[PDB]
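Taking it in order: structure first as structure tokens, then the write-up.
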Amino acid sequence: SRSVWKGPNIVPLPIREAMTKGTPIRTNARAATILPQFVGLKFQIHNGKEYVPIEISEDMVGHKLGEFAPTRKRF
Amino acid sequence: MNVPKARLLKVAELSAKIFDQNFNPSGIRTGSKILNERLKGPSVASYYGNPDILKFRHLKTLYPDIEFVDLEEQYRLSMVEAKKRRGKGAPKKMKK
Amino acid sequence: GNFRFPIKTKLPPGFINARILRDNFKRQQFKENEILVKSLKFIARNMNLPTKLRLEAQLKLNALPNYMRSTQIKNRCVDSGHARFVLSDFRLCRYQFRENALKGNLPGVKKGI
Amino acid sequence: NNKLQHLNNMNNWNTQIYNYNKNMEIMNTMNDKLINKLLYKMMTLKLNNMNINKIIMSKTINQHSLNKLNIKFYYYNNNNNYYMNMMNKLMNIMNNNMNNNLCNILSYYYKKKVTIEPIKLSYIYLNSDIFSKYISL
RNA sequence: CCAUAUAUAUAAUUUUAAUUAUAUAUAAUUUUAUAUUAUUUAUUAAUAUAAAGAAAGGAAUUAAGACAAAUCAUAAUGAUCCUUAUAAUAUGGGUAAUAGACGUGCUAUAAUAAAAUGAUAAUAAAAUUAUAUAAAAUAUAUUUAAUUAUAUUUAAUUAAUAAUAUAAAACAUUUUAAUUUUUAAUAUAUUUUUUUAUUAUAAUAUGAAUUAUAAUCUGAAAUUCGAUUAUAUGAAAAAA
RNA sequence: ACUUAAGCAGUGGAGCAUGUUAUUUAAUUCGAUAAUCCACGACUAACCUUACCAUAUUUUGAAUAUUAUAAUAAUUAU
Ligand SMILES: [Mg+2]
Ligand SMILES: [Mg+2]
Ligand SMILES: [Mg+2]
Ligand SMILES: [Mg+2]
């Protein structure tokens, strides 16, 4: 969770298929922490309408998935 | 303060032992609050009333001699008949 | 097929609408799953235990359905089904509370002087 | 100072109860409301057809004591020795039936002893509630 | 009917606040004696003086018209409309987006005014605690302690008993940019926390938005989108 | 005679909070419009609340009654 002593908030994710077949992981779980082992994987994050595709880098670790799928248009 | 810490620690440990209290000088988050937290289940579930109540449906079983007229259902049935008479009835539900 | 929710929940004895039914479902399922959720939270929040057990408990907590969460229970009026301005002393919205107080249905309530 | 020259402020409220456990008090209020509605529903009785009697009764007074509940209510109705009319059967199931009388079921409902007290009013203008319910029809 | 002032009852003054608590009852719409001025002229008002007074405030309580209503969320019944959808469940998002525009409040723009401190603890009321409250103590921020915030642990109380909770302004001392009205070195004094003499000496120590780091609280979950702490930041805000 | 005029006490140019409006949005749930002015309920919107958007997904569903097959009992008699 948020408090660092509580650790990251982990949720179920079909990661093993994406660790072997290189397929993207399509998820609505915007509240899941990006663990260090998520690096290099392709995610498709729901933003309420569509699925933004992103590739996880080391700078994204610690942050959460929904931070890179904007829910609203800027203007 | 002037009294040493070791004596107070021994007192605290021994007193916790007597009154069936757990002693955690380390300050580590054991989480005993969860074990000692009271349960709120039954009161939360009893919000809307006990679900076992005598209903009008049950009356025919309970008192065969007495014939009870529920006026609201009669009104609803008569209204359905009135809409039935004018062809304003609900379309038949699709069969799966 | 027969019922909206996974588990069979008995009907509330009073006024009924969809939101009251959802509230009652979540309330009863919270009753049934409270002990399990509390045990999972204990195993997750107990830093004495190995980190793997804590993470397993957290993941199992995340896996639970919405009708087991404590926060999702919201107090609603038992006479109209409204969810706002509900007085927990009578579990009625301010309007239904007003009418019942005027009619004398609420024990002990009176008009202010 | 005298009970023949004033009405107790307790009698103002339909449900007159005090419980240290406030949740039980709220539960009892809700139960009183629901059982009052059910009692309302049970007041119409037809024999075959063209014999639809409608008993008009005021709101119920739920007297909550420590070891007992009493549901007091007033009602209006309308060779008689040798048979039973519908209203008499209704009252006898309220209290007198041996097997499945209403007060036993209400006792299981409330988890305390229950009794029901119907009182007949021979006129309609001796009670505002009964009078209003009558002129409504 | 409240409030107020009294009387009786009740409490074995350790549920103590008897200065209190809640039942009954009384009391006022104040009563009077004069003087002056007006008066429909006294068996009247305006005042003022004297006397007995605790006596000075308040709410509610009815109908008749007329307008406005669908967050008429102040409802009922009826009319019409959907019935693989305008009904129902789950996941996520949104209701928080910003060129702007106007209301409502909070914080400020300094000295008739802000800050720090003030343990045998300056002084309240009304509330709340079985779907709780959390005392004292220990530990970390952090530093001899104090304060403040979390962490560990639950002492009593389910209550006129214990806790939320040592009320705060008030008052006392000290400091406070603009201010060369200040501080500093020498002397100096019957102003000594101080005086004198010679040299030296537009946004601040107001304001806290915004931004960054790292922690913490609730909850299963704080990214969109919560609150809190510390360490850096330090905007606009002066006149009319 | 409401209300005004006067006297007093304020508040009132900035930041933020919170509303409404406009615009945008997939939705930004709902509120006013016959020319002064006025779309303006919040006793707490992260999920629920929720009423809106997207995607899946349920079809007598929340109740009353009818007519039938299966188990449970009670009796009479399987
Ligand atoms: Mg809630
Ligand atoms: Mg400052
Ligand atoms: Mg939802
Ligand atoms: Mg939501």
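Convention: chains lettered A, B, ... in structure tokens order; per-chain residue numbering from 1; ligands numbered from 1 as shown.
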
request  = Determine which residues of range 33-92 of chain D receive a DSSP assignment of alpha helix (DSSP H), computed from the backbone, and state them as a list in words.
outcome  =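 Alpha helix (DSSP H) assignments inside range 33-92 of chain D correspond to residues 33, 34, 35, 36, 37, 38, 39, 40, 41, 86, 87, 88, 89, 90, 91 and 92 of chain D.
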
Check every residue of chain C for an atom within 8 Å of chain E, counting only C-alpha atoms (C1' of nucleotides), and provide those that qualify as an mmCIF file with N, CA and C atoms, in the first residue's frame.
data_model
loop_
_atom_site.group_PDB
_atom_site.id
_atom_site.type_symbol
_atom_site.label_atom_id
_atom_site.label_comp_id
_atom_site.auth_asym_id
_atom_site.auth_seq_id
_atom_site.Cartn_x
_atom_site.Cartn_y
_atom_site.Cartn_z
ATOM 1 N N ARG C 4 -30.079 -11.810 -8.570
ATOM 2 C CA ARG C 4 -29.014 -10.958 -9.092
ATOM 3 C C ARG C 4 -27.646 -11.298 -8.525
ATOM 4 N N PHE C 5 -27.576 -11.726 -7.270
ATOM 5 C CA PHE C 5 -26.315 -11.794 -6.560
ATOM 6 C C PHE C 5 -25.843 -13.239 -6.444
ATOM 7 N N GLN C 58 -2.082 -10.054 1.423
ATOM 8 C CA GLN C 58 -2.502 -8.849 0.713
ATOM 9 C C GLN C 58 -3.133 -9.195 -0.631
ATOM 10 N N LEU C 61 -6.537 -10.581 -0.077
ATOM 11 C CA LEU C 61 -7.432 -9.473 0.239
ATOM 12 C C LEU C 61 -7.862 -8.741 -1.024
ATOM 13 N N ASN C 62 -6.917 -8.489 -1.929
ATOM 14 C CA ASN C 62 -7.249 -7.842 -3.193
ATOM 15 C C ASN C 62 -8.162 -8.701 -4.057
ATOM 16 N N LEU C 64 -10.668 -10.545 -3.139
ATOM 17 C CA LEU C 64 -12.025 -10.703 -2.644
ATOM 18 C C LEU C 64 -13.001 -9.845 -3.454
ATOM 19 N N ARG C 69 -16.362 -6.055 1.262
ATOM 20 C CA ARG C 69 -15.621 -4.923 1.805
ATOM 21 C C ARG C 69 -16.448 -4.225 2.878
ATOM 22 N N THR C 71 -16.043 -0.997 3.861
ATOM 23 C CA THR C 71 -16.301 0.406 3.557
ATOM 24 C C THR C 71 -17.523 0.568 2.663
ATOM 25 N N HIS C 82 -33.463 6.321 0.558
ATOM 26 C CA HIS C 82 -32.485 7.368 0.322
ATOM 27 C C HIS C 82 -31.199 7.064 1.085
ATOM 28 N N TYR C 95 -36.442 13.773 6.130
ATOM 29 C CA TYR C 95 -37.864 13.942 5.847
ATOM 30 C C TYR C 95 -38.700 12.848 6.504
ATOM 31 N N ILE C 113 -38.455 23.029 22.142
ATOM 32 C CA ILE C 113 -39.032 24.184 22.820
ATOM 33 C C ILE C 113 -37.954 25.232 23.081
#

Atom-to-atom span, CA of residue 28 in chain D and CA of residue 40 in chain D, Å =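 Interatomic distance here is 18.0 Å.
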
task = List the neighbours of residue 8 in chain C out to 12 Å using only C-alpha atoms (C1' of nucleotides); skip same-chain residues closer than 3 positions along the sequence, and give me the result as a PyMOL selection string.
result = chain C and resi 2-5+11+21+24-26+28-29

query = Tell me, which residues of range 48-116 of chain D carry DSSP strand (DSSP E), written as a PyMOL selection string?
reply = chain D and resi 53-54+56-57+61-64+69-76+114-116

Generate a file of the selected residues that holds N, CA, C and O atoms, formatted as a PDB file, in the first residue's frame.
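Below is the file selection_25.pdb, written as the result:
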ATOM      1  N   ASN D  53     -66.579  -7.758   4.619  1.00  0.00           N
ATOM      2  CA  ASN D  53     -66.547  -6.890   5.785  1.00  0.00           C
ATOM      3  C   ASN D  53     -65.174  -6.240   5.897  1.00  0.00           C
ATOM      4  O   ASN D  53     -64.144  -6.885   5.671  1.00  0.00           O
ATOM      5  N   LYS D  54     -65.170  -4.955   6.238  1.00  0.00           N
ATOM      6  CA  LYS D  54     -63.947  -4.165   6.371  1.00  0.00           C
ATOM      7  C   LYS D  54     -63.923  -3.565   7.772  1.00  0.00           C
ATOM      8  O   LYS D  54     -64.663  -2.621   8.065  1.00  0.00           O
ATOM      9  N   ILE D  56     -62.355  -1.282  10.456  1.00  0.00           N
ATOM     10  CA  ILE D  56     -61.532  -0.080  10.523  1.00  0.00           C
ATOM     11  C   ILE D  56     -60.957  -0.007  11.929  1.00  0.00           C
ATOM     12  O   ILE D  56     -61.704   0.029  12.912  1.00  0.00           O
ATOM     13  N   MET D  57     -59.630   0.013  12.032  1.00  0.00           N
ATOM     14  CA  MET D  57     -58.945   0.059  13.315  1.00  0.00           C
ATOM     15  C   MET D  57     -57.933   1.195  13.326  1.00  0.00           C
ATOM     16  O   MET D  57     -57.303   1.492  12.306  1.00  0.00           O
ATOM     17  N   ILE D  61     -51.069   0.712  19.518  1.00  0.00           N
ATOM     18  CA  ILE D  61     -50.309   1.202  20.659  1.00  0.00           C
ATOM     19  C   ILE D  61     -49.491   0.027  21.171  1.00  0.00           C
ATOM     20  O   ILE D  61     -50.048  -0.957  21.676  1.00  0.00           O
ATOM     21  N   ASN D  62     -48.172   0.123  21.039  1.00  0.00           N
ATOM     22  CA  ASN D  62     -47.261  -0.942  21.437  1.00  0.00           C
ATOM     23  C   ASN D  62     -46.704  -0.603  22.814  1.00  0.00           C
ATOM     24  O   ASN D  62     -45.794   0.223  22.938  1.00  0.00           O
ATOM     25  N   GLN D  63     -47.252  -1.241  23.843  1.00  0.00           N
ATOM     26  CA  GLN D  63     -46.832  -1.043  25.225  1.00  0.00           C
ATOM     27  C   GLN D  63     -45.713  -2.039  25.496  1.00  0.00           C
ATOM     28  O   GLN D  63     -45.954  -3.244  25.613  1.00  0.00           O
ATOM     29  N   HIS D  64     -44.484  -1.531  25.558  1.00  0.00           N
ATOM     30  CA  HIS D  64     -43.304  -2.348  25.809  1.00  0.00           C
ATOM     31  C   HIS D  64     -42.980  -2.321  27.296  1.00  0.00           C
ATOM     32  O   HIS D  64     -42.596  -1.277  27.834  1.00  0.00           O
ATOM     33  N   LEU D  69     -44.923  -7.564  25.848  1.00  0.00           N
ATOM     34  CA  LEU D  69     -45.409  -6.553  24.920  1.00  0.00           C
ATOM     35  C   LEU D  69     -46.921  -6.673  24.824  1.00  0.00           C
ATOM     36  O   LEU D  69     -47.464  -7.783  24.817  1.00  0.00           O
ATOM     37  N   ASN D  70     -47.601  -5.531  24.761  1.00  0.00           N
ATOM     38  CA  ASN D  70     -49.050  -5.492  24.608  1.00  0.00           C
ATOM     39  C   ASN D  70     -49.396  -4.592  23.430  1.00  0.00           C
ATOM     40  O   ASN D  70     -49.065  -3.404  23.437  1.00  0.00           O
ATOM     41  N   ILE D  71     -50.064  -5.153  22.430  1.00  0.00           N
ATOM     42  CA  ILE D  71     -50.464  -4.416  21.237  1.00  0.00           C
ATOM     43  C   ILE D  71     -51.940  -4.078  21.404  1.00  0.00           C
ATOM     44  O   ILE D  71     -52.815  -4.887  21.089  1.00  0.00           O
ATOM     45  N   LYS D  72     -52.216  -2.882  21.913  1.00  0.00           N
ATOM     46  CA  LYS D  72     -53.571  -2.399  22.137  1.00  0.00           C
ATOM     47  C   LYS D  72     -54.046  -1.669  20.889  1.00  0.00           C
ATOM     48  O   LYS D  72     -53.298  -0.875  20.317  1.00  0.00           O
ATOM     49  N   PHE D  73     -55.280  -1.929  20.462  1.00  0.00           N
ATOM     50  CA  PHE D  73     -55.811  -1.162  19.344  1.00  0.00           C
ATOM     51  C   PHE D  73     -57.331  -1.159  19.383  1.00  0.00           C
ATOM     52  O   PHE D  73     -57.960  -2.105  19.865  1.00  0.00           O
ATOM     53  N   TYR D  74     -57.907  -0.076  18.869  1.00  0.00           N
ATOM     54  CA  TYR D  74     -59.348   0.078  18.754  1.00  0.00           C
ATOM     55  C   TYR D  74     -59.803  -0.281  17.347  1.00  0.00           C
ATOM     56  O   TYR D  74     -59.070  -0.094  16.372  1.00  0.00           O
ATOM     57  N   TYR D  75     -61.023  -0.805  17.248  1.00  0.00           N
ATOM     58  CA  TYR D  75     -61.550  -1.247  15.966  1.00  0.00           C
ATOM     59  C   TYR D  75     -63.050  -0.996  15.902  1.00  0.00           C
ATOM     60  O   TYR D  75     -63.738  -0.937  16.924  1.00  0.00           O
ATOM     61  N   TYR D  76     -63.543  -0.847  14.673  1.00  0.00           N
ATOM     62  CA  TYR D  76     -64.965  -0.757  14.379  1.00  0.00           C
ATOM     63  C   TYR D  76     -65.376  -1.887  13.450  1.00  0.00           C
ATOM     64  O   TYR D  76     -64.657  -2.218  12.502  1.00  0.00           O
ATOM     65  N   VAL D 114     -45.903 -11.755  24.095  1.00  0.00           N
ATOM     66  CA  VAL D 114     -46.730 -10.793  23.374  1.00  0.00           C
ATOM     67  C   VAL D 114     -48.195 -11.098  23.642  1.00  0.00           C
ATOM     68  O   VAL D 114     -48.594 -12.266  23.693  1.00  0.00           O
ATOM     69  N   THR D 115     -48.990 -10.045  23.816  1.00  0.00           N
ATOM     70  CA  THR D 115     -50.439 -10.144  23.869  1.00  0.00           C
ATOM     71  C   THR D 115     -51.034  -9.037  23.013  1.00  0.00           C
ATOM     72  O   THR D 115     -50.422  -7.988  22.809  1.00  0.00           O
ATOM     73  N   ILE D 116     -52.235  -9.290  22.501  1.00  0.00           N
ATOM     74  CA  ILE D 116     -52.942  -8.365  21.624  1.00  0.00           C
ATOM     75  C   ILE D 116     -54.284  -8.041  22.266  1.00  0.00           C
ATOM     76  O   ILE D 116     -54.988  -8.945  22.729  1.00  0.00           O
TER      77      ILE D 116
END

request  = For ligand 2, collect every residue having any atom at a distance of at most 12 Å from a ligand atom (counting only C-alpha atoms (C1' of nucleotides) and all ligand atoms); output as a list in words.
outcome  =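 Using only C-alpha atoms (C1' of nucleotides) and all ligand atoms, I find these residues within 12 Å of ligand 2: residues 108, 114, 115, 204, 205, 206, 207, 208 and 234 of chain E.
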
inquiry  = Which residues are near ligand 3 - at most 8 Å, using only C-alpha atoms (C1' of nucleotides) and all ligand atoms? Format: as a PyMOL selection string.
reply    = (chain E and resi 91) or (chain F and resi 47-48+50)

message = List as a PyMOL selection string the protein and nucleic acid residues lying within 12 Å of ligand 4, with only C-alpha atoms (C1' of nucleotides) and all ligand atoms counted.
response = (chain C and resi 72) or (chain E and resi 92-95+225) or (chain F and resi 29+45-53)

query = Residues of chain A within 7 Å of chain F, using only C-alpha atoms (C1' of nucleotides), as a list in words?
reply =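 The selection requested is residues 48, 49, 73 and 75 of chain A.
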
Keeping only C-alpha atoms, take the residues you just selected and write them out as a JSON list (two decimals), in the first residue's frame.
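After the write, result_36.json holds the following:
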[["chain", "number", "residue", "atom", "x", "y", "z"],
["A", 48, "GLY", "CA", -12.41, 4.11, -18.61],
["A", 49, "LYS", "CA", -12.91, 4.06, -22.40],
["A", 73, "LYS", "CA", -8.56, 14.99, -22.33],
["A", 75, "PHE", "CA", -8.37, 20.91, -22.83]]

Between CA of residue 34 in chain A and CA of residue 63 in chain A - distance in Å to one decimal = 5.9 Å

request  = At a cut-off of 12 Å, list the chain C residues touching chain B, using only C-alpha atoms, as a PyMOL selection string.
outcome  = chain C and resi 1+9-16+20-21+23-49+68-79+81+88-92

message = With 8 Å as the limit and counting only C-alpha atoms, what residues in chain A lie close to chain C? Please list them as a PyMOL selection string.
response = chain A and resi 6+9-12

inquiry  = Distance cut-off 10 Å, counting only C-alpha atoms - which residues of chain D neighbour chain C? Return them as a PyMOL selection string.
reply    = chain D and resi 9-18+22-23+25-34+37+59+61

request  = Determine which residues of chain E sit within 12 Å of chain D, taking into account only C-alpha atoms (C1' of nucleotides), and present them as a list in words.
outcome  = residues 23, 24, 25, 130, 131, 158 and 159 of chain E

Kindly provide, as a PDB file with N, CA, C and O atoms (P, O5', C5', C4', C3', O3' and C1' of nucleotides), in the first residue's frame, the residues of chain F having any atom no farther than 12 Å from an atom of chain B, counting only C-alpha atoms (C1' of nucleotides).
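Okay, this is what ended up in result_5.pdb:
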ATOM      1  P     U F  58     -25.080 -13.425 -19.508  1.00  0.00           P
ATOM      2  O5'   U F  58     -26.035 -12.867 -18.364  1.00  0.00           O
ATOM      3  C5'   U F  58     -26.037 -13.442 -17.065  1.00  0.00           C
ATOM      4  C4'   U F  58     -27.298 -13.092 -16.319  1.00  0.00           C
ATOM      5  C3'   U F  58     -28.589 -13.259 -17.111  1.00  0.00           C
ATOM      6  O3'   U F  58     -29.070 -14.594 -17.066  1.00  0.00           O
ATOM      7  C1'   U F  58     -28.571 -11.139 -16.039  1.00  0.00           C
ATOM      8  P     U F  59     -29.826 -15.239 -18.333  1.00  0.00           P
ATOM      9  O5'   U F  59     -31.316 -14.679 -18.226  1.00  0.00           O
ATOM     10  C5'   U F  59     -32.069 -14.840 -17.034  1.00  0.00           C
ATOM     11  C4'   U F  59     -33.234 -13.882 -16.979  1.00  0.00           C
ATOM     12  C3'   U F  59     -34.387 -14.202 -17.932  1.00  0.00           C
ATOM     13  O3'   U F  59     -35.634 -13.919 -17.299  1.00  0.00           O
ATOM     14  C1'   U F  59     -33.587 -12.018 -18.366  1.00  0.00           C
ATOM     15  P     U F  60     -36.870 -14.937 -17.450  1.00  0.00           P
ATOM     16  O5'   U F  60     -37.909 -14.461 -16.337  1.00  0.00           O
ATOM     17  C5'   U F  60     -37.478 -13.713 -15.201  1.00  0.00           C
ATOM     18  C4'   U F  60     -38.438 -13.833 -14.041  1.00  0.00           C
ATOM     19  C3'   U F  60     -38.867 -15.257 -13.692  1.00  0.00           C
ATOM     20  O3'   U F  60     -39.063 -15.375 -12.284  1.00  0.00           O
ATOM     21  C1'   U F  60     -40.770 -13.978 -14.238  1.00  0.00           C
ATOM     22  P     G F  61     -37.876 -15.897 -11.338  1.00  0.00           P
ATOM     23  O5'   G F  61     -36.839 -14.689 -11.329  1.00  0.00           O
ATOM     24  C5'   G F  61     -37.126 -13.481 -10.633  1.00  0.00           C
ATOM     25  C4'   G F  61     -36.001 -12.489 -10.776  1.00  0.00           C
ATOM     26  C3'   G F  61     -36.140 -11.207  -9.948  1.00  0.00           C
ATOM     27  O3'   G F  61     -34.879 -10.826  -9.398  1.00  0.00           O
ATOM     28  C1'   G F  61     -35.884 -10.666 -12.237  1.00  0.00           C
ATOM     29  P     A F  63     -39.515 -12.055  -4.768  1.00  0.00           P
ATOM     30  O5'   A F  63     -40.909 -12.059  -3.997  1.00  0.00           O
ATOM     31  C5'   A F  63     -41.111 -11.244  -2.852  1.00  0.00           C
ATOM     32  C4'   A F  63     -42.352 -10.399  -2.988  1.00  0.00           C
ATOM     33  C3'   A F  63     -43.646 -11.155  -3.247  1.00  0.00           C
ATOM     34  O3'   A F  63     -44.221 -11.659  -2.054  1.00  0.00           O
ATOM     35  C1'   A F  63     -43.477  -9.318  -4.737  1.00  0.00           C
ATOM     36  P     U F  64     -44.889 -13.118  -2.019  1.00  0.00           P
ATOM     37  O5'   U F  64     -46.299 -12.910  -2.726  1.00  0.00           O
ATOM     38  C5'   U F  64     -47.304 -12.105  -2.130  1.00  0.00           C
ATOM     39  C4'   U F  64     -48.521 -12.000  -3.012  1.00  0.00           C
ATOM     40  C3'   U F  64     -49.012 -13.305  -3.615  1.00  0.00           C
ATOM     41  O3'   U F  64     -49.795 -14.066  -2.714  1.00  0.00           O
ATOM     42  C1'   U F  64     -48.890 -11.672  -5.306  1.00  0.00           C
ATOM     43  P     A F  65     -49.671 -15.667  -2.686  1.00  0.00           P
ATOM     44  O5'   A F  65     -50.542 -16.131  -3.933  1.00  0.00           O
ATOM     45  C5'   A F  65     -51.898 -15.732  -4.050  1.00  0.00           C
ATOM     46  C4'   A F  65     -52.398 -15.877  -5.463  1.00  0.00           C
ATOM     47  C3'   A F  65     -52.193 -17.238  -6.104  1.00  0.00           C
ATOM     48  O3'   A F  65     -53.154 -18.196  -5.696  1.00  0.00           O
ATOM     49  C1'   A F  65     -51.522 -15.560  -7.616  1.00  0.00           C
TER      50        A F  65
END

inquiry  = Given only C-alpha atoms and all ligand atoms as the basis, pick out the residue of C:52, C:94, C:22, C:84 nearest to ligand 1.
reply    = C:84
